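Have a look at the structure below before the remarks.
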Amino acid sequence: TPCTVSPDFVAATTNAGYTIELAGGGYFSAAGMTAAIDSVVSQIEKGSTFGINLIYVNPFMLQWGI
Amino acid sequence: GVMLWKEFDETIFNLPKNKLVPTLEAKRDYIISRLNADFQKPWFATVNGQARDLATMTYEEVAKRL
Amino acid sequence: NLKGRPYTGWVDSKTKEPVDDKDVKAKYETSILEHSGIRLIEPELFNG
Amino acid sequence: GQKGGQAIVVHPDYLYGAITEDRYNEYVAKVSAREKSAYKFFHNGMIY
Amino acid sequence: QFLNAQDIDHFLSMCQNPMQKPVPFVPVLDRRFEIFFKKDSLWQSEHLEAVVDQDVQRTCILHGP
């Protein structure tokens, strides 16, 4: 939640050559996540990828997240 | 901060609903002292390190503390 | 909660509709002056 | 039933001429505190 | 002048606003104390500049034994 929420880490890990989940826990709106995911995508190299952590206990996070 | 958290789960937050507000009044002054010393969320109504309540603070004292 | 919304203020005692302090005179002065002071004896006050 | 009465009320600033500057300044503080507490109580009891 | 009884009730209403980052303090001891105390506990480690004495030792840091 606090650690892999920062796009700047998710980027640095992915650039290093390793897999990382961007944390949904740190985002409340689909708008504010989109802003983050866009921040990741700008900082990573072409053809790199990352993933997303959504908590099943937070049914608010799921009805925007999915 | 977390050791305070732990003590409250044992002392305050495990109590049934009818028993809670009596318990909080009994140890009011203790709780306020702990929150101010030890926790990430301090007790709002303290002016120059002296405990109070919202109802015993001036409108200026409140805006200074915000 | 007033009809969903969270409200903290005065409220007409009969309709429970929110009233501002600036609007008290307009809404209620007339009624306060008719039902205060020396006036015709109101029977409901003195057991009919 | 033949029941006259008179009272004279003198302005309270005539009291404070009879006491020392230390005593007055002590009293002033003590009242200024009370008046705040009383206001706290008044408005709480009014709305509840 | 101490806070008018109504303006305390207004203050505590703005503390319960959900369109607002949960407020970095406990403004009352009532039934809602477990929420006020726990609500929004994980960001402070990342940002000590905005905690009372810039003090780790207030904070929650999640970690495995």
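By convention in this document, the chains of the structure tokens carry letters A, B, ... by their order, each chain's residues are numbered from 1, and ligands are numbered from 1 in the order they are shown.
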
**Report entry** Contact set, chain E to chain C: 8 Å, only C-alpha atoms, as a PyMOL selection string
**Finding:** chain E and resi 6+9-10+13

Selection above as a file: C-alpha atoms, as a tab-separated table (two decimals), in the first residue's frame:
chain	number	residue	atom	x	y	z
E	6	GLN	CA	-22.80	25.11	17.37
E	9	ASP	CA	-20.73	20.59	16.11
E	10	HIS	CA	-19.77	22.18	12.74
E	13	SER	CA	-19.01	17.64	10.95

Query raised in the report: Which neighbours of stretch 45-52 of chain A fall inside 7 Å, counting only C-alpha atoms, when residues of the same chain fewer than 5 positions from it are skipped, and could you give them as a list in words?
Result: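 Returned residues: residues 14, 15, 19, 20, 21, 22, 23 and 24 of chain A.
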
Residue subset to file, keeping N, CA and C atoms, as a PDB file, in the first residue's frame:
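The file below, selection_12.pdb, is the result:
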ATOM      1  N   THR A  14      10.692  -1.823 -12.440  1.00  0.00           N
ATOM      2  CA  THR A  14      10.410  -2.281 -13.827  1.00  0.00           C
ATOM      3  C   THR A  14      11.606  -1.982 -14.733  1.00  0.00           C
ATOM      4  N   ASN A  15      12.212  -0.797 -14.619  1.00  0.00           N
ATOM      5  CA  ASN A  15      13.374  -0.388 -15.455  1.00  0.00           C
ATOM      6  C   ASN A  15      14.558  -1.291 -15.123  1.00  0.00           C
ATOM      7  N   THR A  19       9.535  -7.601 -11.714  1.00  0.00           N
ATOM      8  CA  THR A  19       8.065  -7.473 -11.816  1.00  0.00           C
ATOM      9  C   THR A  19       7.582  -6.759 -10.566  1.00  0.00           C
ATOM     10  N   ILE A  20       6.611  -5.862 -10.713  1.00  0.00           N
ATOM     11  CA  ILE A  20       6.056  -5.134  -9.546  1.00  0.00           C
ATOM     12  C   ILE A  20       4.588  -4.800  -9.768  1.00  0.00           C
ATOM     13  N   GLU A  21       3.788  -4.972  -8.718  1.00  0.00           N
ATOM     14  CA  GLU A  21       2.359  -4.593  -8.674  1.00  0.00           C
ATOM     15  C   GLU A  21       2.302  -3.123  -8.239  1.00  0.00           C
ATOM     16  N   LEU A  22       1.651  -2.250  -9.011  1.00  0.00           N
ATOM     17  CA  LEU A  22       1.225  -0.900  -8.550  1.00  0.00           C
ATOM     18  C   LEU A  22       0.021  -1.080  -7.630  1.00  0.00           C
ATOM     19  N   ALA A  23       0.043  -0.452  -6.456  1.00  0.00           N
ATOM     20  CA  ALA A  23      -0.878  -0.727  -5.327  1.00  0.00           C
ATOM     21  C   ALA A  23      -2.150   0.123  -5.449  1.00  0.00           C
ATOM     22  N   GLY A  24      -3.302  -0.524  -5.560  1.00  0.00           N
ATOM     23  CA  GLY A  24      -4.607   0.155  -5.622  1.00  0.00           C
ATOM     24  C   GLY A  24      -4.933   0.815  -4.302  1.00  0.00           C
TER      25      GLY A  24
END

Query raised in the report: Neighbours of residue E:1 within 10 Å (only C-alpha atoms; same-chain residues fewer than 2 positions away dropped), as an MDAnalysis selection string?
Result: (chainID B and resid 55:61) or (chainID D and resid 35:37 39:40) or (chainID E and resid 3:4)

Report summary line: note - atom CA of residue E:2 and atom CA of residue C:16 are separated by 28.5 Å

Requested in this report: List the neighbours of residue E:55 out to 10 Å using only C-alpha atoms; skip same-chain residues closer than 6 positions along the sequence, and give me the result as a PyMOL selection string.
Outcome: (chain B and resi 38-40) or (chain E and resi 44-45+48-49)

Dump of N, CA and C atoms for the selected residues, as an mmCIF file, in the first residue's frame:
data_model
loop_
_atom_site.group_PDB
_atom_site.id
_atom_site.type_symbol
_atom_site.label_atom_id
_atom_site.label_comp_id
_atom_site.auth_asym_id
_atom_site.auth_seq_id
_atom_site.Cartn_x
_atom_site.Cartn_y
_atom_site.Cartn_z
ATOM 1 N N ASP B 38 3.014 10.307 22.050
ATOM 2 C CA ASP B 38 3.396 9.018 21.418
ATOM 3 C C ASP B 38 2.751 8.771 20.052
ATOM 4 N N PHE B 39 1.699 9.467 19.613
ATOM 5 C CA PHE B 39 0.916 9.036 18.416
ATOM 6 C C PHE B 39 0.995 10.035 17.247
ATOM 7 N N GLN B 40 0.741 9.515 16.046
ATOM 8 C CA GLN B 40 0.825 10.221 14.739
ATOM 9 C C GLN B 40 -0.376 11.153 14.581
ATOM 10 N N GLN E 44 2.086 8.129 6.838
ATOM 11 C CA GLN E 44 2.896 9.069 7.658
ATOM 12 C C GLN E 44 4.379 8.693 7.537
ATOM 13 N N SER E 45 4.724 7.403 7.544
ATOM 14 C CA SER E 45 6.101 6.868 7.331
ATOM 15 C C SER E 45 6.747 7.504 6.085
ATOM 16 N N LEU E 48 7.387 12.278 6.900
ATOM 17 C CA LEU E 48 7.612 12.651 8.318
ATOM 18 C C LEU E 48 7.595 14.173 8.448
ATOM 19 N N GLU E 49 7.868 14.914 7.369
ATOM 20 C CA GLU E 49 7.817 16.400 7.358
ATOM 21 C C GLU E 49 6.477 16.880 7.947
#

Requested in this report: Compile the contact shell of residue A:34 as a ChimeraX atom specification: residues with an atom at most 12 Å away, counting only C-alpha atoms, same-chain residues fewer than 2 positions apart removed.
Outcome: /A:7,22,24,27-32,36-41,52,64-65

Could you write out that same residue set with N, CA and C atoms as a CSV table (one decimal), in the first residue's frame?
chain,number,residue,atom,x,y,z
A,7,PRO,N,4.4,5.8,-8.3
A,7,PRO,CA,4.8,5.5,-9.6
A,7,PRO,C,6.3,5.5,-9.8
A,22,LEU,N,1.7,-2.3,-9.0
A,22,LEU,CA,1.2,-0.9,-8.5
A,22,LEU,C,0.0,-1.1,-7.6
A,24,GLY,N,-3.3,-0.5,-5.6
A,24,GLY,CA,-4.6,0.2,-5.6
A,24,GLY,C,-4.9,0.8,-4.3
A,27,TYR,N,-5.0,4.6,-3.8
A,27,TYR,CA,-5.8,5.4,-4.7
A,27,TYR,C,-7.3,5.2,-4.4
A,28,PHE,N,-8.1,6.2,-4.5
A,28,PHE,CA,-9.5,6.3,-4.1
A,28,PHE,C,-10.4,6.4,-5.3
A,29,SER,N,-10.0,7.2,-6.4
A,29,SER,CA,-10.7,7.4,-7.6
A,29,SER,C,-10.0,6.7,-8.8
A,30,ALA,N,-10.7,6.2,-9.7
A,30,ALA,CA,-10.2,5.8,-11.1
A,30,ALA,C,-9.5,7.0,-11.7
A,31,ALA,N,-9.8,8.2,-11.4
A,31,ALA,CA,-9.1,9.4,-12.0
A,31,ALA,C,-7.7,9.5,-11.5
A,32,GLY,N,-7.5,9.3,-10.2
A,32,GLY,CA,-6.3,9.5,-9.5
A,32,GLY,C,-5.3,8.3,-9.8
A,36,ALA,N,-1.6,8.2,-12.0
A,36,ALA,CA,-0.4,7.4,-11.5
A,36,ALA,C,0.1,6.4,-12.7
A,37,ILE,N,-0.8,5.5,-13.1
A,37,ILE,CA,-0.5,4.6,-14.3
A,37,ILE,C,0.2,5.4,-15.4
A,38,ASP,N,-0.3,6.6,-15.8
A,38,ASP,CA,0.3,7.4,-16.8
A,38,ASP,C,1.7,7.9,-16.4
A,39,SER,N,1.9,8.1,-15.1
A,39,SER,CA,3.2,8.6,-14.6
A,39,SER,C,4.2,7.4,-14.7
A,40,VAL,N,3.8,6.2,-14.4
A,40,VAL,CA,4.6,4.9,-14.6
A,40,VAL,C,5.0,4.9,-16.1
A,41,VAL,N,4.0,4.8,-17.0
A,41,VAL,CA,4.2,4.5,-18.4
A,41,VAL,C,5.2,5.5,-19.0
A,52,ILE,N,-1.1,-4.6,-11.3
A,52,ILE,CA,-1.9,-3.8,-10.4
A,52,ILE,C,-2.4,-4.7,-9.2
A,64,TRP,N,-14.7,0.6,-9.0
A,64,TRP,CA,-14.0,1.5,-10.0
A,64,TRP,C,-12.8,0.9,-10.6
A,65,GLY,N,-12.0,0.1,-9.8
A,65,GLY,CA,-10.7,-0.5,-10.2
A,65,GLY,C,-10.8,-1.4,-11.4

Query raised in the report: What residues in chain B lie within 10 Å of chain E, counting only C-alpha atoms, written as a ChimeraX atom specification?
Result: /B:1-5,8-9,12-13,17-18,20-22,24-25,28,31-32,35-45,53-62,66
